[PDB]
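Chains as they are written, first to last, in the authors' numbering: chain C, 721 to 768; chain B, 1 to 500, 509 to 1033; chain A, 678 to 720. The beta carbon of each residue, even a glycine, is placed where N, CA and C say it ideally should be.
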């Protein structure tokens, strides 16, 4: 059924006005809240 | 069997009823298409590299794909070419009969592994792997009556609200769109960019970052903190949709404090993805969908559904639109199919009337009327068993079989009718005796005919595909007829038949006098057999003399109602100039031919030979056949008139020409030549060789005629040289010039955006008025290292040179397509072989190779005599078995020249050609010329062996017995296939070829056979005591 | 010849396996039931 959603309206004009690249805003938000996949590592001979 | 079902009439009806039901059920399930699969499977690999010169598409896209196309099964030859619009295609042609579905995925898979090697732009634009063998069922086109919206708006609407319902219709296997949906188009401005100290690289960077998407994740997603009570997804920055919203994209903040938005540096509007092609319809904008057909679907039905679904959406079209169908093939299929049923129903009536003229009793003429349809319905079930589909080939392969069906019903009924009147035996017992005279012969006819048509089915290439349709249809129909003549007809004959002035009285009196006189004539001949054997040699040489003189063709051309019209302009002609020719070309059709031409789909900037702004096409659609009386308004006549008028046009190599009979293949007339470059000499040296070849074929105007190139001659092209040393001195990165120069002029595709529930591209490209002349290069500025802009004139040198707008390859090596045809009166085999010798004296390292039809003809031609060496021997073995001797079968075989002579004489006088239909036309005449001879001999042998009558006396009786069943077969069949010769309407090219070959051959087969078979049998018997 | 493989189903590591192979090869060395090279395919 229908579920609530939490929209974050990222004011673009303000972002540049404060000298913060929109690239950082997207990465920090996605990585912090949604979790980001960086790269694999070897654990007991298996790739994880 | 005949003596088993004769006293078992009910058991015959049950098998007849089962066969009839099988045909009825399979008639409602068989696919219907204009032609079956003929051309070998072909896979096209199209790749777009926007704003790329002709050479670049070759040295980075086509070559890389070709190198990585390894380990594909059943690959016959690979050809490719890269034009000047950025598009390269690689058509892979496979072995005939290979599973196209498995072939395509194999081709796609190798491309998938090679995709990373291609440049970034090619991958972004995507590479499409399609099937090129299939042909369009129809091309529905939408126009704009009010002219309130260009084609882009019409194309965008079609891709949004018309492509879905059409593609979901029953049987629509593939829908192609002749256009591109909207795509946010940004028109830059070099004057404004220099004012604000910006460069196209900055515009690209802002767009790539301000129209992206983010994965915000979840609010309280797992793992949670203990005691949580809420969970909802997060929606972050989402793509833009409005053109106004794109304008607000902030590009630069001036040091003073003002804002530099995109809308202040570039006009923004919703345009098309590509302006290469400009379609039109009687001078109005238009766009269309190319609807194909799914495998195994009624072509007539599907075109009915599509024309019905579009009726549902007719009210919903925005005011000004209208649906038109410039090209459709189902109306032609309707005629080409009904005209056959009009013949399969006329034959039944004629057989009913023909027998009623000879036997004079209704119960006799009802036996074929129930025995012929049973076979016709039966063969459909057998035809459906093999998976075949009704089409122009099988139907015309079944009208030829009606002769076989009739003669297997006249012979059985007629012989029974003779016995009851001569011997006086009762109907239930006359059939027992009558079938005791021909049960052996009929079984033999099944094997002999099966040994003449089966070998045809073993050909190879495209011809083998066409032949396989006729052979299986005729063999299936012929095989059933013998079976239905041994199981059903005897049952009906005894059960139905009854014991035994004006016109009919007179006719019998005259016929009786004739047959008595006929036996007198043969008696006179048989006393001087020596003299008439000479005539058999003067007739065979006539066959050989005429056979060689008959030109060889593939398939007759038919008035399909649509004919193309090429249009080529001189080198470098822009789009505006071409559209001026395409308008005076469309004006002529609608002014001098207003009573025949329906519409003119005046495509622009598109051509079969090549692509560019100096080419055009116009699919002219003609009025319906019923509105074009006489031959003066046929496609052949119209094209001739148009060709005469277009010879007066200046600055355009316009020329019109009709479609091929089977549009899936090419012209299929002439030869195809490839001038490979084996030694890696280069393109420039290769052209020098082609010019040498062209200047040397002129010495042979009587063999090679109309030898022309198929590519595009080299044309001037602007060359910009970036001075590397100067660029570093001014501090401008070479990777920035390549983008400003490549993005301003060639256009770039930055990213996507979401609009009205669909994803559409975003293109940046300079305004049309700033990228026209060489002087405009100096109008563009690029930022330096220190922020001070520099012009292209400061570090760029420009000059004009020559290049090829359309490079070509073949099997991985460069080539130059050369087309042509053999001179009149000379076979393509000699013309084809002459080119090999001519191409063999060209400079070293320049080989050749035959492609297209010639590559197939280089294989099929081998089997021409070999298959008829097997056919002739196997037929002789079958005959030797039937007559129980070695010498007798000579008499049967020697009548073959008699049948062919009639066909060739009629075809030559009518000026036809030795096309595919004619070749099959001979076989039925040959097949039905021996069927009348196998019974004359078998009767003579039967009489001589059992009753012991002398040889001369036995033959005289045999010819007298078999004078009636020969005439009713020839008289009924010739009258049955007379409409097919007089026909001059739609689909008449195929009808005339079949009709003329049969009617002409049958006439001389009947007349000569009844005078010669008795001569052959006696002479062969006499010499081989 | 039989293609025998010492699948490491415990995640011990390559170093341990080659250590294991020597013993297993040794256990077969003192009880010959093999012929010819008894070559190892690897390096």
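Per-residue contacts from residue 688 of chain A into chain C (C-beta, under 8 Å): 764, 765 and 766
Within 8 Å, strictly: CB atoms of residue 825 of chain B and residue 682 of chain B: yes
Any 3 or more C-beta pairs closer than 8 Å across the region 791 to 806 of chain B and the region 209 to 219 of chain B: no
Heavy atom of the ligand ADP within 7 Å of residue 902 of chain B beta-carbon: This structure simply doesn't include the ligand ADP, nor any ligand for that matter.
Sub-8 Å separation of residue 964 of chain B and residue 527 of chain B beta-carbons: yes
Contact check, residue 86 of chain B vs residue 51 of chain B, beta carbons under 8 Å: yes
Beta-carbon proximity list for residue 815 of chain B, same chain, < 6 Å, skipping 5 on both sides: 54, 58 and 82
Residue span of the alpha helix (DSSP H) that contains residue 807 of chain B, given as start and end: Here residue 807 of chain B belongs to no alpha helix (DSSP H); instead the beta strand (DSSP E) covers 804 to 811.
Every unbroken alpha helix (DSSP H) inside the region 521 to 597 of chain B [4 residues or more]: 537 to 557
Residue 414 of chain B burial status per 10 Å Cβ neighbour count (16 or more: buried): buried
Rounded separation between residue 238 of chain B and residue 743 of chain C - CA only: 14 Å
Host alpha helix (DSSP H) of residue 383 of chain B (start-end): 362 to 385
The region 1021 to 1030 of chain B / the region 986 to 999 of chain B touching (three or more Cβ pairs under 8 Å): no
Unbroken alpha helix (DSSP H) run spanning residue 345 of chain B, endpoints: From DSSP, residue 345 of chain B is part of no alpha helix (DSSP H); its letter is neither H nor E.
Length of the line joining the Cα atoms of residue 278 of chain B and residue 613 of chain B: 7 Å
Closest by C-alpha distance to residue 389 of chain B, when choosing among B:469, B:311, B:746 and B:224: B:469
Neighbour list for residue 733 of chain C in chain B, Cβ cutoff strictly below 8 Å: 250
Cβ pair residue 788 of chain B, residue 723 of chain B closer than 8 Å: no
Beta-carbon proximity of residue 664 of chain B to residue 571 of chain B, cut-off 8 Å: yes
Short CB-CB distance (under 8 Å) between residue 258 of chain B and chain C: no
N-terminal and C-terminal residue of the alpha helix (DSSP H) that residue 985 of chain B is part of: Taken as a continuous stretch (DSSP letters only), residue 985 of chain B belongs to no alpha helix (DSSP H), as it is neither H nor E.
Uninterrupted beta strand (DSSP E) stretches inside the region 303 to 349 of chain B (no shorter than 3 residues): 321 to 328
DSSP state of residue 29 of chain B mapped onto helix, strand, coil: coil
Listed by chain order, chain C residues near residue 233 of chain B by CB distance under 9 Å: 723, 724, 725 and 726
Where the alpha helix (DSSP H) through residue 115 of chain B begins and ends: Looking at the DSSP string, residue 115 of chain B is not in any alpha helix (DSSP H), and its letter there is neither H nor E.
Burial state of residue 507 of chain B (16 or more Cβ within 10 Å): Absent here is residue 507 of chain B, because the residues of chain B run from 500 on to 509 with nothing modelled in between.
Interface flag, residue 183 of chain B vs chain C, CB-CB below 8 Å: no
Alpha carbon of residue 877 of chain B to alpha carbon of residue 945 of chain B, nearest angstrom: 24 Å
Any 3 or more C-beta pairs closer than 8 Å across the region 299 to 306 of chain B and the region 622 to 630 of chain B: no
Outcome for residue 1007 of chain B when other beta-carbon atoms lying within 10 angstroms are tallied against a minimum of 16: buried
DSSP beta-bridge partners of residue 763 of chain C: C:766
Every unbroken beta strand (DSSP E) inside the region 204 to 289 of chain B [3 residues or more]: 232 to 235, 250 to 253, 259 to 261 and 267 to 272
Beta-carbon separation (whole angstroms), residue 347 of chain B vs residue 929 of chain B, contact threshold 8 Å: That belief does not hold up - the Cβ atoms of residue 347 of chain B and residue 929 of chain B are roughly 16 Å apart, past 8 Å.
Pair within 8 Å by beta-carbon distance, residue 207 of chain B and residue 759 of chain B: yes
Identity of the residue in B:768, B:548 and B:433 nearest residue 159 of chain B by Cα: B:768
Distance CB(residue 1038 of chain B)-CB(residue 900 of chain B) smaller than 8 Å: No statement about residue 1038 of chain B is possible, as the shown extent of chain B runs from 1 to 1033 and does not include it.
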